[PDB]
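Reading the structure
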Protein chains: 2
Amino acid sequence: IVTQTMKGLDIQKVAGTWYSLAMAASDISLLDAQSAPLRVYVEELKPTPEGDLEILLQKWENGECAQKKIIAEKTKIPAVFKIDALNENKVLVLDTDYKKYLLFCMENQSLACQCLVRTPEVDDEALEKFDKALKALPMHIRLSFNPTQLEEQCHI
Amino acid sequence: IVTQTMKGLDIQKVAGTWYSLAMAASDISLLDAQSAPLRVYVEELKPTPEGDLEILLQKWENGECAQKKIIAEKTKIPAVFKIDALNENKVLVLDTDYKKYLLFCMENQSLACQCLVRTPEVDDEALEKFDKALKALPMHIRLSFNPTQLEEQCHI
Ligand SMILES: CCCCCCCCCCCCCCCC(=O)O
Ligand SMILES: CCCCCCCCCCCCCCCC(=O)O
């Protein structure tokens, strides 16, 4: 928890458009419902000059796919960020090649991880790396999305 | 779909108590909600003398974990059964060692598969066989349960 972070991460280089191709979580309840707590769909990453990371994502809330904006502040570790809210919340970058895929986990046990990809395409190779990275962890739900869903709001 | 069935299946030998240790499905919607269509928890298998298979399971329906009794009739293929209802529905036995684990899929595309085990224990070896069997298939949700859940009705 978690035993992989990426060495030599350049945060400025994860900038831009992402798709949440697959999500996994330690507890069924974290991803189960459409309004489930960690069931979130990444849209864009906006690294600040000071090295913080602004995240744009969608979440299903009322009975509606809602927009969100959250701030992840840098820590001393280049691959690890803290989310602004309660209580608190660590984001860890496990692996990325910047131009294709990015694996991250969010913890706080309580744990969810996603495979991000740059395009609305099923990347078998990034998915295989996501599954390799997660065999080490205690995940009890896993979801993956098809290209049609990846182009809809909240992957409907 | 599906490309593995078990050779030399003796149906009388799958008789008795089972636990649904892991479930996977082609479509998120088939397992997503607690009342989702293929979200079913196997309790016991009762093979008839004529080679049909009576299945006792639990399903979440009203706002309640309900009991069910379904009949799977034999076909010409020893590892494949047809479920009584609409419209219609094929059950295929992929692999079992009788005394520990049993892998099956239900189709009708539309596809769900489970890893059954004889005890409320996490069998890493049967799970690895379930994952091997499913790498071949187009699954978009996967769930697994812990021993505590396995001893509760509807794995709550
Ligand atoms: C490298 C960047 C990875 C992206 C990290 C995404 C972090 C998302 C964490 C959001 C937590 C849940 C937010 C839901 C807010 C709510 O409705 O309560
Ligand atoms: C070797 C035996 C494997 C066990 C096969 C279990 C088959 C279960 C299929 C049930 C289909 C869904 C039933 C729900 C009925 C409903 O509420 O509509």
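Residues numbered from 1 in each chain as written, not as in the entry; some residues may be left out. Chains lettered and ligands numbered in written order. Heavy atoms only, no water.

As named in the PDB entry, chain A is Beta-lactoglobulin, taken from Bos taurus. The deposited PDB record carries the title "Bovine beta-lactoglobulin complex with palmitic acid". Here chain A is described in UniProt, under the heading Function, as follows: "Primary component of whey, it binds retinol and is probably involved in the transport of that molecule." Here is the UniProt Sequence similarities comment for chain A, exactly as written: "Belongs to the calycin superfamily. Lipocalin family." (UniProt positions renumbered as here; feature names shortened; annotations may be inferred.)

**Describing the layout of surface pockets**
By volume, the largest pocket is sized at about 1400 Å³. As for the largest pocket, its lining consists of 37 residues, of which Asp131 and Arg142 of chain A together with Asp131, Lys132 and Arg142 of chain B are closest to the centre. For the lining of the largest pocket, the elements supplying multiple residues, two or more each, are β2 (19–25), α2 (124–135) and β10 (141–144) of chain A together with α2 (124–135) and β10 (141–144) of chain B. Residue classes in the lining of the largest pocket are distributed as 20 nonpolar, 4 polar and 13 charged. (1 Å grid on protein atoms, 1.4 Å probe; cavity = no way out; pocket = protein on both sides within 12 Å on 5 of 7 lines; lining within 4 Å. Points joined across faces, edges and corners; volume = space filled by probe spheres on them. Helix = DSSP H or I, 4+ residues; strand = E, 2+ residues; numbered from the N terminus. Nonpolar A, V, L, I, M, F, W, Y, C, P; charged D, E, K, R; others polar.)

**Some points on the interface of chain B and chain A**
With 11 residues of chain B in contact, the opposing surface of chain A contributes 11 residues. Regarding the contact of chain B and chain A, the summed buried area is about 980 Å², with carbon and sulfur atoms giving 48% of it. Summed over the shared surface of chain B and chain A, the result is 2 salt bridges. The interface formed by chain B and chain A includes 5 residue pairs in polar contact. Elements that contribute at least two residues to the side of chain B that touches chain A include exactly α1 (28–31) and β10 of chain B. Per-element accounting of the side of chain B that touches chain A gives the leading share, 4 residues, to β10 of chain B. (Contact = heavy atoms within 4.5 Å. Buried area = accessible area lost by both parts, 1.4 Å probe. Salt bridge = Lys/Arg side-chain N within 4 Å of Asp/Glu carboxyl O. Polar contact = N/O pair within 3.5 Å; in protein donor to acceptor, adjacent residues only side chain to side chain.)

**Considerations on the pattern of salt bridges**
Counted under the stated rule, the structure contains 14 salt bridges over all chains. Between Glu54 of chain A and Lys69 of chain A there is a salt bridge, with the nearest N and O atoms lying 2.4 Å from each other. Note that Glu54 of chain A is positioned in strand β4 (residues 53–60) and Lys69 of chain A in strand β5 (residues 65–74), a separation of 15 residues in sequence. Residue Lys69 of chain A is classed as partly exposed on the basis of its relative accessible area, which comes to 45%. Note that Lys99 of chain B is salt-bridged to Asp97 of chain B, the shortest N-O span being 3.2 Å. Through salt bridges that share partners, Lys46, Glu54 and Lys69 of chain A make up one connected network. (Buried < 20%, exposed > 50% of the residue type's maximum accessible area, 1.4 Å probe, protein only.)

**A few points about the relation of the copies chain B and chain A**
Both copies of the chain are related by one operation, a rotation about an axis with a shift along it. Between chain B and chain A, which share one sequence, the superposing operator has a rotation angle of 180° and an axial displacement of 0.0 Å; the RMSD is 0.0 Å. Look at the turn and shift together and you get a two-fold axis relating the two. Of every C-alpha in chain B, the one belonging to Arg142 of chain B sits nearest the axis of rotation, 2.6 Å from it. Interface overlap between copies: 100% of the residues of chain B at the interface are likewise at the interface in chain A, consistent with a symmetric, same-surface contact. (Least-squares fit on C-alpha atoms.)

**Describing the environment of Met106 of chain B**
All names here are of chain B. Checked against the element boundaries, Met106 lands in strand β8 (residues 101–107). Sequence separation of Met106 and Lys74 is 32 residues, and the distance between their C-alpha atoms is 14 Å. With sequence-adjacent residues up to four places away left out, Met106 is seen in contact with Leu38, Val40, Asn89, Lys90, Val91, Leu111, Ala112 and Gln114.

**Some words on the side chain of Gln114 of chain B**
Residues and elements named next belong to chain B. Within the element layout of this structure, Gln114 appears in strand β9 (residues 111–117). One polar contact links the side chain of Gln114 to the main-chain carbonyl oxygen of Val40, over a distance of 2.8 Å. Excluding residues within four positions of it along the chain, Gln114 makes contact with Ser20, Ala22, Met23, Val40, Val42, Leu102, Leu103, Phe104, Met106 and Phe130.

**Things to note about the site of ligand 2**
All names here are of chain B. With respect to spatial proximity, 14 residues lie near ligand 2, and among them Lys59, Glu61, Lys68, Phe104 and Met106 are the closest. Interatomic distance of 2.8 Å between a side-chain N/O atom of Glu61 and an oxygen atom of ligand 2. One of the side-chain nitrogen or oxygen atoms of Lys68 is found 3.0 Å away from an oxygen atom of ligand 2. Starting from 550 Å² of accessible surface for ligand 2 in isolation, the protein chains cover 81%. (Near = heavy atom within 4 Å. Areas by Shrake-Rupley, 256 points an atom, 1.4 Å probe, with all protein chains shown as cover.)

**Comments concerning the pairing of β8 of chain B**
Burial runs high along β8 of chain B: 7 of the 7 residues are buried. Burial along β8 of chain B is two-sided: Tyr101, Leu103, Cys105 and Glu107 of chain B and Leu102, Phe104 and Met106 of chain B, pointing in opposite directions, are all buried.

**Description of the nonpolar core**
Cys115 of chain A together with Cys115 of chain B are the most contacted members of the largest nonpolar core, which has 114 residues in total. If near-sequence neighbours (up to four positions away) are discounted, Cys115 of chain A is found in contact with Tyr19, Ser20, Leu21, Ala22, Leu102, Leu103, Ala126, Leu127 and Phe130 of chain A. (Core = buried A, V, L, I, M, F, W, Y, C linked by side-chain atoms within 4.5 Å.)

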